[PDB]
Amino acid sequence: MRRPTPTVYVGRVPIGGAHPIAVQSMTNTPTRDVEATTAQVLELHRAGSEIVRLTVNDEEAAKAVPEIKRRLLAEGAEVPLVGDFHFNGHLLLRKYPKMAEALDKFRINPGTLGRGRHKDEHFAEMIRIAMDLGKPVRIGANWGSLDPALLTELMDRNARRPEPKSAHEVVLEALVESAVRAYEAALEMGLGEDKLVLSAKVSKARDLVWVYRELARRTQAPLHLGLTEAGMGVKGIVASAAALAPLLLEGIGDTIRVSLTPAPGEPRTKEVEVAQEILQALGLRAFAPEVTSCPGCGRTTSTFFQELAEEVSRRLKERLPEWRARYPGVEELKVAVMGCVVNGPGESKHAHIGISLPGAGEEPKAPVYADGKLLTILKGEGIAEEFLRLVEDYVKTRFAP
């Protein structure tokens, strides 16, 4: 189902229909703070952020970028950097060529280029710089910063229709048009199709789906997909997954970013985890072993089952660094931990390896299945440690080099 697109290299990372969907994120430290920003780029990259964006908002930020890059490279960290430009990107790129060169990609927002005639000139200057330096660009529209002149143009087109659409629908048309027009203008200037990524983000899931279907149809470019301003906590996580899944399953989207608001003191790597979970849930990429477990019900003892499931999950997380190094393919491992005989054996047979605890009315023994067939039956104390040993033995055999 994957939409074909040209490949756009962002540093060493290829983006497009022929490549895995790349996970990205954005820093939240002040870019002028070289120490804090370098540390957080490294943190995000180590969590799985294949590309990292940072705001390049003012001259102090611009002056910091080459140093951040130098420090990354000194540790052998090859993480591509995307500069986020608004209002003054043309001035910062012009004035600070070492910043322009140190970035791996420029983001432009067609709605933050300035007013009237100035918008076209500013756009052209940034595209010129990118062309001169061989850099890729994302043309990223966002409905929080929609070009007002385009909105009026589309509102007038709407008003001439025999059956005008709602104001909200016209906003979405304008957002798509903003990105498409800017894409076509960049191509016309001579920027290559191997240098252009597009996005057009809204904060409501159902709207996002509409928008990206239009962008996918109307353009050839790789698409950067995300639900902007998703918010805090569970709501942010749910909204992000809900918005992305329909599109991802239809084959639309080449890189994703999850726009979560961190709780105070929550690490900025949560968004990377959520991004990875979305792709893995959909069978698009595999990052780490996963545990399938039942909710538990009145058929099982709640504490014991919940404790075991949690213990298995924690052990897999502990073993992963080593495993990733020794056992190619282990990222695909599926482990089941189940509460009773109703679905326990069947679900366990669908995992690589799984355990079915005894629930109410059952003899106190726990079958273990691997590769769809009975492996052993556990009893007594120490079920969890025995099971984890069996998972280790399984991994070493199944994912051996």
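In this text, residue numbers run from 1 along the sequence as written. C-alpha atoms forming the largest set that superposes within 1.5 Å between two forms make up the rigid core.
- Once the structures in 7 other deposited structures of this protein are superposed via the core, the pair 296 to 304 and 247 to 255 is resolved in favour of 296 to 304 as the more displaced stretch (C-alpha RMS).
- Relative to one another, 199 to 207 and 310 to 318 have unequal mean CA B-factors, and 310 to 318 is the one with the higher figure.
- Comparing 119 to 127 with 167 to 175, the stretch with the higher mean C-alpha B-factor in the PDB entry is 119 to 127.
- Going by the entry's values, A360 shows the largest Cα B-factor out of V335, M338, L42, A360.
- Between the residues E273, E266, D156, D254, it is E266 that shows the highest Cα B-factor in the PDB record.
- The deposited CA B-factor of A22 belongs to the lowest third of values across its chain.
- In the PDB entry, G382 places in the highest third of its chain by CA B-factor.
- In the deposited entry, the Cα temperature factor of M189 places it in the highest third of its chain's modelled residues.
- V395: CA B factor lies in the middle third for its chain, per the PDB record.
- Annotation for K235: C-alpha temperature factor in the middle third relative to the rest of the modelled chain, per the entry.
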